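Report on the structure given below.
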Amino acid sequence: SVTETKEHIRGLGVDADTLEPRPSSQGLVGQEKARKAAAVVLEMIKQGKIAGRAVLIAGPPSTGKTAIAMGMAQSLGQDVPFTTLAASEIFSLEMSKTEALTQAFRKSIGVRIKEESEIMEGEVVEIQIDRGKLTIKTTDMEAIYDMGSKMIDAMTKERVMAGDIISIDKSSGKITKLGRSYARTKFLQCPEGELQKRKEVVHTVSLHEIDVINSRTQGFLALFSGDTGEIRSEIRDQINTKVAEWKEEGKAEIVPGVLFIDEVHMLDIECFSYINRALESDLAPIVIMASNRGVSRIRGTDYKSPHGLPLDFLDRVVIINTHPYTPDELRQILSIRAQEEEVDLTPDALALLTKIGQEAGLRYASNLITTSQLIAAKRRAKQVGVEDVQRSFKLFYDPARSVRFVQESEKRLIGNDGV
Amino acid sequence: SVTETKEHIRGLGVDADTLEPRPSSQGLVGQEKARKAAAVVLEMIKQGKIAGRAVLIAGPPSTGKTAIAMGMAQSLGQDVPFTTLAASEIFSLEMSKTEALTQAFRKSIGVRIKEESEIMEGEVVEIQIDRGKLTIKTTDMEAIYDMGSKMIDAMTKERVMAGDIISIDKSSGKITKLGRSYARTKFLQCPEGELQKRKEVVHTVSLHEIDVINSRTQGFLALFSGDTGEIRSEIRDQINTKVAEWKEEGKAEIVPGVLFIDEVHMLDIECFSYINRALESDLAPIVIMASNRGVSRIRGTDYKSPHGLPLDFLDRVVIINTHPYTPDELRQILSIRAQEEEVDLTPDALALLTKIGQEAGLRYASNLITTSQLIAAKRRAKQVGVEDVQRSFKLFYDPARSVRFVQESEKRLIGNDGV
Amino acid sequence: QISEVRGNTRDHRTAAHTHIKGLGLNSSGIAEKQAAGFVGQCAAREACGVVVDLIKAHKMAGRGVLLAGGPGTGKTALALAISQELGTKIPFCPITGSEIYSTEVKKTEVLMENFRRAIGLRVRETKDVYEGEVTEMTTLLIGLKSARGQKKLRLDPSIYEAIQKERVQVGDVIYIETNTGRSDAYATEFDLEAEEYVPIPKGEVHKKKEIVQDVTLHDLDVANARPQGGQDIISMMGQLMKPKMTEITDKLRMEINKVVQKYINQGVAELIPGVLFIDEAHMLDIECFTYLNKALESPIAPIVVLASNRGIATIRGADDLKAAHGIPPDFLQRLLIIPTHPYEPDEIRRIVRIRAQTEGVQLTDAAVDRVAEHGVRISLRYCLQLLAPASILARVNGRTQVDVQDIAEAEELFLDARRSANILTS
Amino acid sequence: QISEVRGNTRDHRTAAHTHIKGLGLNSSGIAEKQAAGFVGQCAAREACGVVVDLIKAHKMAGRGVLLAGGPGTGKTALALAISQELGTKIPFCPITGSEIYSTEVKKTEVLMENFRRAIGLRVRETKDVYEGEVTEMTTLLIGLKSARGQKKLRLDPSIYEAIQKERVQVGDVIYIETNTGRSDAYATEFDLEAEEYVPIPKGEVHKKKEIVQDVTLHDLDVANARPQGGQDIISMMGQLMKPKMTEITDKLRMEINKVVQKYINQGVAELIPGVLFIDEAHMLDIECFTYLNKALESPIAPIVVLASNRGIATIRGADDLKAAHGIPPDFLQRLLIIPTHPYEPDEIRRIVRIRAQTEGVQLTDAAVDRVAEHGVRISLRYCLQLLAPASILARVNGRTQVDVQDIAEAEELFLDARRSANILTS
Amino acid sequence: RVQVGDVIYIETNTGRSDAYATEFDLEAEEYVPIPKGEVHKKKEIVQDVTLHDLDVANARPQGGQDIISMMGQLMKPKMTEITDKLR
Ligand SMILES: Nc1ncnc2c1ncn2[C@@H]1O[C@H](COP(=O)(O)OP(=O)(O)O)[C@@H](O)[C@H]1O
Ligand SMILES: Nc1ncnc2c1ncn2[C@@H]1O[C@H](COP(=O)(O)OP(=O)(O)O)[C@@H](O)[C@H]1O
């Protein structure tokens, strides 16, 4: 079929009228300065003289800068393209730098049209797991449907389960939770009549998805074959002219999304030239970049600057900054990611993970959640305790301990320093 | 049509029999050692065992070494090819290193033949300027002729004006001042009969000009189109065989000219290989090189030598040296370049330009002449005074003051040194 | 190829200089402080005046300008003022040397594109043509028809003998050049094509129209990069459409030049060279400066203004050879170097007021002082950016007029480059 | 392809060694000072003698020579003397390692060209042929005619049966190999072509000519690089004609070798390997020495003499690995290293006298002393150059005999490399 | 395309000159000879011919003689010189 531009966080967590950030509702956690700074940038974008500027989010690793970008993406609205790209992924054998950058940008520009489709609406009954099958009914009929990996993902993302009244677009596979029939959020009543109805609906698809749709479908096991992932220019030219025609006609509307480039210090002068040329088109999305470096080398030259951006670029970008989470914030984040992975922690366990999160970082602390879950399971323990978080901490090292441990083979002292 | 090999200085300014240089007649100014050294080299070339050697002219910037090369070129005679090439111009996207070097050398090798042509001879009446139209007459008729950029150049170069008896080759556009009808140098009488006569004349054209003539004429705005400037080998082969045939027949005679390569320290090992291979042909011109460096790196290798020439090359070259002009010489040079740009200076003004020329160099001092001229004009001043040379000195900086000024943003002391 | 064309200029680049309307100089070439949008910097302005005068006097023989100074100075603004002083609708193409570093285009291929953006074409031709289907052919009276309207003409013998040349009879569709074909109506359903049938000129019998248009060589290029049957996708979604820009070809450019020279020959159009401004000039390499050297020689080329805020830098394309501003000697020789000074706090406060009244955001006198202190601390660039956010933070709690509290929070929400790094370093 | 060919040697390179006529050694292989053009340096000369003897004895199994010493030494001169001692008309190809660095040719493509310059071909065949139109065919008497001249021959039965093989009758144009066709006259205007008609041998009825010629493999290459209908442009204007030299092709070289082997098989020609001398050997890279290693193995290859005035240098093509003279170990192993010494003032004065009497410029005994002191101060190279200018400065005020005043002004008009730099540095 | 001095034609009722050519030009060339040897040409064309006279006249290329009217039938069996396109 196709795929709509819905590919967790609902917003910036900010007062609609004050732009003052409530700490955790949307929910982002902490980073109130950076989130209010984001709200201002958005208000600057929504209408004003921002005029084709990138956004730089600088801060330590495992801050909330990646999440803020999505928080910025949602504030613009659902069905508004949000694509994330690690700057290093631009360098591969699958495709050239120019190609990868084009796909990334075209993934962030959505084409919106009104067309009829077969949408489903009913109350969920059952959902299954494998190494699925959705049972849905109305007041008139019940049905069982089969589905694959891509399908099961979007549903678990939209947080769906038995008792939820949902809406499935058979043409794009877009799931939408309308409400609930009973408790186990909006209390709606079960849909009446036909389970499947043909309705006129708005479809928003990226320029890249359209390119993919009109290309020879990628073969099974594409990754491990030598097959490249570039898109034929003749196909793009075909898609560009038709999208330009639809815009002139009125059939289509262009919806600029958000392109978030992480570890942007990996880009070279040539990459920044492209990003500069792209931002000069009206169709251009909001380019948001994130760096973990204080000062870095400008790749492509022998010049160093803050975050490793060309001095020209830095004069154009809007810089937002993030900071280390407070222990309370870490404790709140890890507790959230624990229930999302379905892990029952002990108050002590969470406390140790928080202390671990301080010492080694949020991502590392997060990794230890699932390993601890399995250790508790091997134990048959009723709940994930501190005894398990400690044992996983001794089994799986973080980067700092790892490099120290490997350096331990060639050591420098017993009574004093030696070399 | 075509263009003859006349593309300011009439000689070395040297005693014809002593080789002792009169200071300024030809006129070059000063550099008497270097000019006498040049005269010896020429006498060595004219007949003897010089045997395919390049000439290196080393000395500080804005000396007379560029002018001496032309002074050497004229001593060989008019209609003897003289081409000047900045070593860095060899590096471009328009053409390869080998191509640029071939054109440069072929620009310095002239093909001389006797053929009939339509030459004009008459007394000039008027000359005009635009953003021209030559009126010429004889004792039998008068005529008005239109002309373009290339034409107006050659005339102003030959120093022509109303009252001059001149000669214009309608086939090559070669202007020749025969004399004068009245005062405003040889006092000749006005030409009689037909204004245009068909005569047998010697035409000397470079191998490159012939190549250009037999190629598709360069399109208008050629520079700003992507058009390359190389010459098709099939065209060269055509020109080479015919020139070889004309030489065998006796129709043509090869006239080796002078190739002057400035800032020769920009050439790499590969460039010096070419220049070495070219000098091994009988048709090879006199290669004259000029460097501003004491010691430089041999580009293409990790070896350093005087002027940046391969140690092999240095053992073959004849080295002439120039020195800083004396204040009197600077004063004489700047006064000459002032009347040539049509600037009326005050004795004080010239004095300050000379002091400026000492401090910042001859080229910089020269630049300040025209800027001062315009400042005096804005003032409506009758003559260019010191008040104008001073104001242009404060407005337009030289390189030394410029780098110091830009360094001024990050300064190193107020009470003492800081860093 | 088409004569009338649209032009999409990159106005993002001169958006921070919308107040600069000129250099603001006296009749005697002396700078007036706080005139034409400028504030102080009188020396650089007066210097530009000499440059503008040298250009108009054609005394600028194969030379260029170099603006040396720090970031906060008025380097780009000065260049813009130069193009303005050089006349009306003069092309201005500002770039940075870092732009020419492209993945799928050579460094000079990029420079050449920009040269075309800085070369304008003033077209001031008036075309008067009486067209339509012929109705009479008789002291020579010829008639013409249009959709709604009919004119009977009075011709001289000279035109009816030039009409004897062109295939013309009654009633066909014809064109008339005042200064210098089967009609659609007679077509039968049985003809189809190939056909000789064309529509009658609708809906005027005359056409004394005046053609007034100014465009750059690049506007012509892009206009003819689309075929009949497609839209202007290049200026709609330029870089995003595909990796490599194959639409603008060499053959296409030389066809433009071939056409451009034709309009000039007919005294219809004059091509007016503008101003090509290149920031971060030290980013160019030797091959780039070799191209620029050739440009400086051409009579029909834009004035080349360079800028740099580096005193000494390695000449790119050379073996660690350092020179003034990163410019090679062979090229630096041809430049009039104009130095730009930093600004006094009172000069900075004035500039901020000018910018704010242009945005235009209203702010207190205390706010202006706070914004200018960042113009001293950091560049004039950074502090000027603080206006937008503070205005938003005001309006949100507005209190529409901006205060010090607003600039205070804005300076904490949006750090400058140097701060952001040194804070992250810790 | 043609047998007889012209050879244009690069005599610019051995112009400074026109006095070197040999090594000047005794019958016992001991060097005589100031003999054969040489002066002192007896050790290197005697060493070369052993090399020349090892070569003639074929004991030089896959080995080469390396001349180690300073600039002023007799390195290039020694190599030239080696080729001379190796026999008559022995090929000598001197080059510098810096030459192989070409823009449009690979480093070894250049070496290979020079190997061909150092491989000679001695052709000593005597061809005797009786040609012309046949007139008689009868103890076998056959007649022949020429432009002016007629011969009646006396043939044996063995040739008239070999003549029975070739298409031969009276009267046709025929060729006769002593040791081992319609005549032009019968052509009618009505025939045209294709034709079988050829001219009668003008203007001799016989041809017992002796072919005596010595040429290098490169002389053959260039000779056949021109087609019938063109001139010898390659040796007229070699490098100047065009950037890339496409005339000499692989197929052309192997056709030469195919022909060269044929002449050898017929005992007509012997190919004589000469001397390939390469200065600045440290300029070669690993890929160059790999080629030279293969060369040293071949029996039909020129003796490879290398020279270097560097004690230790980085092996090019290796990761900053330094070795003796810049030569790799795998190759240095195959070299007999001969060291060249600097010269005493009296040795230098003698050399200058020899050179001056060769130029030949006459100069005083005081002049010789002044020129030799620059042979000590600077190289023997620089001071020897001072002769020409001084001779000119003399002759101009001549006073044709050169004096000290002349060398005095010449040394001030023409500085050496080191002086010119250090003076400019200031 | 007209300027001084080029070779031009004038129709009363209704180009580089050969002189300026240089030996270095060759071709392709824009050079043509000057009209020899009259500066005017008010000539009267008076001729009567059949359609067949035109046919045969153009049956020969520049570089050949009038062989058709010299030895019509004898030159060859089939007369392929006069073609439909030519008529
Ligand atoms: N003298 C001045 N008068 C008014 N505005 C100025 C002046 N100098 C700089 N500006 C403004 O301050 C900002 C500095 O930018 P710009 O001149 O482009 O700096 P750069 O030196 O980096 O090119 C711009 O908004 C510019 O319009
Ligand atoms: N022993 C010698 N006897 C005579 N002439 C010599 C002697 N040694 C060197 N020369 C001459 O001195 C000059 C030095 O050049 P050359 O031998 O080629 O030096 P290099 O060591 O650099 O190869 C040449 O003119 C050479 O003929």
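Following the order of the structure tokens, first chain is A, next is B, and so on, with residues numbered from 1 inside each chain and ligands from 1 in the order they appear.
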
Show me which residues line ligand 2, defined as having an atom within 7 Å of a ligand atom where only C-alpha atoms and all ligand atoms count, and present them as a PyMOL selection string.
chain D and resi 16-17+19-20+37-41+69-78+351+380-381

Keeping C-alpha atoms, export the residues of the selection given above as an mmCIF file, in the first residue's frame.
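What landed in again.cif:
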```
data_model
loop_
_atom_site.group_PDB
_atom_site.id
_atom_site.type_symbol
_atom_site.label_atom_id
_atom_site.label_comp_id
_atom_site.auth_asym_id
_atom_site.auth_seq_id
_atom_site.Cartn_x
_atom_site.Cartn_y
_atom_site.Cartn_z
ATOM 1 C CA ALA D 16 80.030 20.020 -20.696
ATOM 2 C CA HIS D 17 82.030 16.818 -21.168
ATOM 3 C CA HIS D 19 86.890 16.802 -23.429
ATOM 4 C CA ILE D 20 86.190 13.416 -21.850
ATOM 5 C CA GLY D 37 90.531 14.546 -20.715
ATOM 6 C CA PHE D 38 90.251 13.565 -17.056
ATOM 7 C CA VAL D 39 92.266 15.154 -14.247
ATOM 8 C CA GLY D 40 92.889 13.215 -11.057
ATOM 9 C CA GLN D 41 90.024 11.247 -9.537
ATOM 10 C CA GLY D 69 79.881 11.866 -4.272
ATOM 11 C CA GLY D 70 79.333 15.607 -4.211
ATOM 12 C CA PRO D 71 78.161 17.835 -7.107
ATOM 13 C CA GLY D 72 81.552 19.082 -8.284
ATOM 14 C CA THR D 73 82.844 15.517 -8.646
ATOM 15 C CA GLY D 74 83.095 13.775 -12.010
ATOM 16 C CA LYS D 75 79.990 11.609 -11.730
ATOM 17 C CA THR D 76 78.308 12.242 -15.095
ATOM 18 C CA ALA D 77 81.718 12.461 -16.808
ATOM 19 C CA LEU D 78 82.702 9.035 -15.455
ATOM 20 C CA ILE D 351 90.094 21.427 -15.403
ATOM 21 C CA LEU D 380 83.034 23.138 -10.069
ATOM 22 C CA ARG D 381 79.732 23.530 -11.911
#
```

Near ligand 1, 12 Å: chain A residue rows, closest pairs, only C-alpha atoms and all ligand atoms, as a Markdown table:
```
| residue | atom | partner | partner_atom_place_in_ligand_line | distance |
| --- | --- | --- | --- | --- |
| A:311 | CA | ligand 1 | 22 (O) | 10.4 |
| A:312 | CA | ligand 1 | 22 (O) | 9.1 |
| A:314 | CA | ligand 1 | 22 (O) | 11.8 |
| A:315 | CA | ligand 1 | 22 (O) | 8.8 |
| A:316 | CA | ligand 1 | 22 (O) | 11.3 |
```

Create the file for the chosen residues now, containing N, CA and C atoms and written as a short mmCIF file (atom, residue, chain, number, x, y, z; two decimals), in the first residue's frame.
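Final file, selection-v3.cif:
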```
data_model
loop_
_atom_site.label_atom_id
_atom_site.label_comp_id
_atom_site.auth_asym_id
_atom_site.auth_seq_id
_atom_site.Cartn_x
_atom_site.Cartn_y
_atom_site.Cartn_z
N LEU A 311 32.16 28.78 10.49
CA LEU A 311 31.90 30.06 11.14
C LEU A 311 30.76 30.82 10.46
N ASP A 312 30.56 30.55 9.17
CA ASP A 312 29.43 31.11 8.44
C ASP A 312 28.12 30.54 8.98
N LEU A 314 27.47 29.13 11.95
CA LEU A 314 27.22 29.53 13.34
C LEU A 314 26.55 30.90 13.44
N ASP A 315 26.83 31.78 12.49
CA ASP A 315 26.23 33.11 12.49
C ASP A 315 24.77 33.07 12.05
N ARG A 316 24.34 31.92 11.53
CA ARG A 316 22.98 31.78 11.03
C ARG A 316 22.10 30.94 11.95
#
```

Quick one: residues within 9 Å of stretch 365-381 of chain A, only C-alpha atoms counted, chain neighbours fewer than 4 positions away excluded, as a list in words?
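Contacts, in chain order: residues 334, 337, 338, 341, 343, 344, 345, 353, 354, 355, 356, 357, 358, 360, 361, 385, 386, 387, 388, 389, 390, 391, 392, 393 and 396 of chain A.
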
Please compute the atom CA of residue C:67-atom CA of residue B:86 distance, one decimal, in Å.
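Computing it gives 24.9 Å between the two atoms.
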
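Close contacts of stretch 161-177 of chain A, defined as residues with an atom at most 7 Å away when counting only C-alpha atoms, with chain neighbours fewer than 4 positions off set aside, comprise residues 1, 2, 3, 4, 117, 118, 119, 120, 121, 122, 123, 124, 125, 126, 151, 154, 155, 181 and 182 of chain A.
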
Can I get the selection written as a JSON list (two decimals), in the first residue's frame, with N, CA and C atoms?
```
[["chain", "number", "residue", "atom", "x", "y", "z"],
["A", 1, "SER", "N", 0.83, -1.19, 0.00],
["A", 1, "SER", "CA", 0.00, 0.00, 0.00],
["A", 1, "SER", "C", 0.88, 1.26, 0.00],
["A", 2, "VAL", "N", 0.82, 2.02, 1.09],
["A", 2, "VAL", "CA", 1.69, 3.19, 1.27],
["A", 2, "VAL", "C", 1.95, 3.38, 2.76],
["A", 3, "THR", "N", 2.64, 4.47, 3.11],
["A", 3, "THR", "CA", 2.87, 4.78, 4.52],
["A", 3, "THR", "C", 2.76, 6.29, 4.75],
["A", 4, "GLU", "N", 1.92, 6.67, 5.70],
["A", 4, "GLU", "CA", 1.73, 8.07, 6.05],
["A", 4, "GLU", "C", 2.85, 8.60, 6.94],
["A", 117, "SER", "N", -10.60, 6.38, 0.95],
["A", 117, "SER", "CA", -9.85, 5.22, 1.43],
["A", 117, "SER", "C", -10.75, 4.30, 2.26],
["A", 118, "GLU", "N", -10.28, 3.08, 2.48],
["A", 118, "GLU", "CA", -11.02, 2.12, 3.29],
["A", 118, "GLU", "C", -10.53, 2.14, 4.74],
["A", 119, "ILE", "N", -11.21, 2.90, 5.59],
["A", 119, "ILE", "CA", -10.80, 3.01, 6.98],
["A", 119, "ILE", "C", -11.65, 2.10, 7.87],
["A", 120, "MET", "N", -11.03, 1.49, 8.87],
["A", 120, "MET", "CA", -11.74, 0.63, 9.80],
["A", 120, "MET", "C", -11.99, 1.36, 11.11],
["A", 121, "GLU", "N", -13.08, 1.01, 11.78],
["A", 121, "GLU", "CA", -13.39, 1.59, 13.08],
["A", 121, "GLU", "C", -14.17, 0.58, 13.91],
["A", 122, "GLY", "N", -13.58, 0.15, 15.02],
["A", 122, "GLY", "CA", -14.21, -0.84, 15.87],
["A", 122, "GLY", "C", -13.52, -1.00, 17.21],
["A", 123, "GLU", "N", -14.13, -1.78, 18.09],
["A", 123, "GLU", "CA", -13.60, -2.02, 19.43],
["A", 123, "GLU", "C", -12.72, -3.27, 19.47],
["A", 124, "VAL", "N", -11.46, -3.09, 19.84],
["A", 124, "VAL", "CA", -10.51, -4.20, 19.87],
["A", 124, "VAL", "C", -10.93, -5.26, 20.88],
["A", 125, "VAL", "N", -10.66, -6.52, 20.56],
["A", 125, "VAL", "CA", -11.01, -7.63, 21.44],
["A", 125, "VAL", "C", -9.77, -8.38, 21.92],
["A", 126, "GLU", "N", -8.85, -8.65, 20.99],
["A", 126, "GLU", "CA", -7.65, -9.42, 21.31],
["A", 126, "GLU", "C", -6.46, -9.02, 20.44],
["A", 151, "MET", "N", 3.09, -3.29, 10.93],
["A", 151, "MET", "CA", 1.78, -3.05, 11.50],
["A", 151, "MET", "C", 1.80, -3.08, 13.03],
["A", 154, "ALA", "N", 3.36, 0.16, 14.79],
["A", 154, "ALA", "CA", 2.59, 1.39, 14.88],
["A", 154, "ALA", "C", 1.52, 1.34, 15.96],
["A", 155, "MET", "N", 0.95, 0.15, 16.18],
["A", 155, "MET", "CA", -0.08, -0.01, 17.20],
["A", 155, "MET", "C", 0.49, 0.09, 18.61],
["A", 181, "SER", "N", -13.97, 1.57, 25.50],
["A", 181, "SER", "CA", -15.31, 1.08, 25.78],
["A", 181, "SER", "C", -15.48, 0.83, 27.27],
["A", 182, "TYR", "N", -14.39, 0.42, 27.92],
["A", 182, "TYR", "CA", -14.39, 0.20, 29.36],
["A", 182, "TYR", "C", -12.99, 0.40, 29.94]]
```

What gap, in Å, lies between atom CA of residue A:79 and atom CA of residue A:112?
8.9 Å

May I have the residues within 7 Å of stretch 405-420 of chain D as a ChimeraX atom specification, using only C-alpha atoms and disregarding those fewer than 4 positions away in the same chain?
/B:33-34,37,306,314,319-321 /D:367,371,382,386,389-390,393-394,424

Between C:331, C:175, C:277, C:291, single out the one closest to chain B, counting only C-alpha atoms.
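Counting only C-alpha atoms, the residue closest to chain B is C:291.
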
Identify, with DSSP run on backbone atoms, the residues in stretch 244-413 of chain C assigned to helix (DSSP H, G or I), and express the list as a compact mmCIF listing (two decimals) with C-alpha atoms, in the first residue's frame.
```txt
# COMPACT_ATOMS: atom_id res chain seq x y z
CA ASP C 250 26.77 24.26 -21.09
CA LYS C 251 24.94 24.28 -24.43
CA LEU C 252 22.05 26.05 -22.71
CA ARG C 253 24.27 28.81 -21.31
CA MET C 254 26.01 29.54 -24.62
CA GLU C 255 22.62 29.69 -26.34
CA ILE C 256 21.65 32.34 -23.78
CA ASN C 257 24.84 34.30 -24.46
CA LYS C 258 24.22 33.91 -28.18
CA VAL C 259 20.75 35.36 -27.63
CA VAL C 260 21.93 38.01 -25.17
CA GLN C 261 24.49 39.34 -27.64
CA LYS C 262 21.75 39.54 -30.27
CA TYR C 263 19.47 41.74 -28.16
CA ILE C 264 22.49 43.95 -27.45
CA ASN C 265 23.43 44.23 -31.14
CA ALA C 281 37.85 34.81 0.86
CA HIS C 282 40.60 32.79 2.52
CA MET C 283 38.43 29.75 1.82
CA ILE C 286 44.59 28.83 -6.02
CA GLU C 287 42.38 27.45 -8.78
CA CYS C 288 39.58 29.71 -7.57
CA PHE C 289 41.78 32.81 -7.63
CA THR C 290 43.06 31.89 -11.09
CA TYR C 291 39.45 32.06 -12.28
CA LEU C 292 38.87 35.35 -10.45
CA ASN C 293 42.00 36.81 -12.07
CA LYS C 294 40.55 36.11 -15.51
CA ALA C 295 37.29 37.69 -14.34
CA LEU C 296 38.99 40.91 -13.27
CA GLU C 297 40.30 41.36 -16.82
CA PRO C 329 50.26 37.63 -4.04
CA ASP C 330 49.39 37.47 -7.75
CA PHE C 331 45.82 38.42 -6.84
CA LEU C 332 46.20 40.55 -3.70
CA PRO C 345 28.74 51.37 22.43
CA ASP C 346 26.85 54.47 21.25
CA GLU C 347 27.31 53.36 17.64
CA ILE C 348 26.00 49.92 18.62
CA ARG C 349 22.99 51.31 20.49
CA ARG C 350 22.11 53.37 17.43
CA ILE C 351 22.37 50.40 15.08
CA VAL C 352 20.13 48.34 17.36
CA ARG C 353 17.55 51.14 17.39
CA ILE C 354 17.65 51.27 13.59
CA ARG C 355 17.25 47.49 13.32
CA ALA C 356 14.51 47.31 15.94
CA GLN C 357 12.55 50.12 14.28
CA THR C 358 12.86 48.11 11.06
CA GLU C 359 11.81 44.70 12.40
CA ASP C 365 15.80 52.64 26.39
CA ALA C 366 17.05 50.27 29.08
CA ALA C 367 16.58 47.31 26.75
CA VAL C 368 18.69 48.94 24.03
CA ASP C 369 21.55 49.31 26.52
CA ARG C 370 21.40 45.64 27.46
CA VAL C 371 21.33 44.49 23.84
CA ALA C 372 24.29 46.71 22.96
CA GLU C 373 26.44 45.33 25.79
CA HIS C 374 26.27 41.99 23.99
CA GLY C 375 27.28 43.92 20.89
CA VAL C 376 30.47 44.70 22.76
CA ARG C 377 30.87 41.39 24.58
CA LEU C 380 27.10 42.89 16.65
CA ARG C 381 25.75 39.79 14.91
CA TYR C 382 24.69 37.92 18.04
CA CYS C 383 23.07 40.77 19.97
CA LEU C 384 20.92 41.77 16.99
CA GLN C 385 19.46 38.27 17.04
CA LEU C 387 15.50 41.13 19.44
CA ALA C 388 13.14 38.49 18.03
CA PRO C 389 13.05 36.19 21.09
CA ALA C 390 12.69 39.08 23.56
CA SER C 391 9.86 40.52 21.48
CA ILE C 392 8.11 37.13 21.63
CA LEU C 393 8.67 36.76 25.38
CA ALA C 394 7.25 40.25 25.78
CA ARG C 395 4.20 39.77 23.54
CA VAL C 396 3.48 36.46 25.30
CA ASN C 397 3.25 38.32 28.61
CA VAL C 404 15.27 44.57 30.15
CA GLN C 405 13.73 41.50 31.82
CA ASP C 406 12.90 40.21 28.33
CA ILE C 407 16.41 40.66 26.93
CA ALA C 408 17.66 39.20 30.21
CA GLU C 409 15.79 35.90 29.74
CA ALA C 410 16.46 35.85 26.01
CA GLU C 411 20.22 36.08 26.55
CA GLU C 412 19.89 33.05 28.82
CA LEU C 413 17.63 31.06 26.49
```

Should the cut-off be 10 Å, what would the residue list for chain C against chain E look like, counting only C-alpha atoms, as number ranges by chain?
C: 161-162, 164-165

Output as a VMD selection string all residues of stretch 17-209 of chain A that backbone DSSP marks as strand (DSSP E or B).
chain A and resid 55 to 58 82 to 86 109 to 126 133 to 137 142 to 146 164 to 169 175 to 180 187 196 to 206

Exercise: residue E:30 partners within 9 Å, only C-alpha atoms, chain neighbours under 2 positions left out, as a list in words:
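The residues that qualify are residues 15, 16, 17, 18, 27, 28 and 32 of chain E.
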
Give me the residues within 12 Å of residue D:138 as a VMD selection string, counting only C-alpha atoms and dropping any in the same chain fewer than 4 places off.
chain D and resid 134 142 to 143 152 to 157 160 169 to 170

Separation of atom CA of residue D:118 from atom CA of residue D:217, in Å and rounded to one decimal:
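Here the two named atoms are 7.9 Å from each other.
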
Could you check the closest approach to residue A:97 for each of A:147, A:258, A:12, A:267 and tell me which residue wins, using only C-alpha atoms?
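Comparing A:147, A:258, A:12, A:267 against residue A:97, the winner is A:267.
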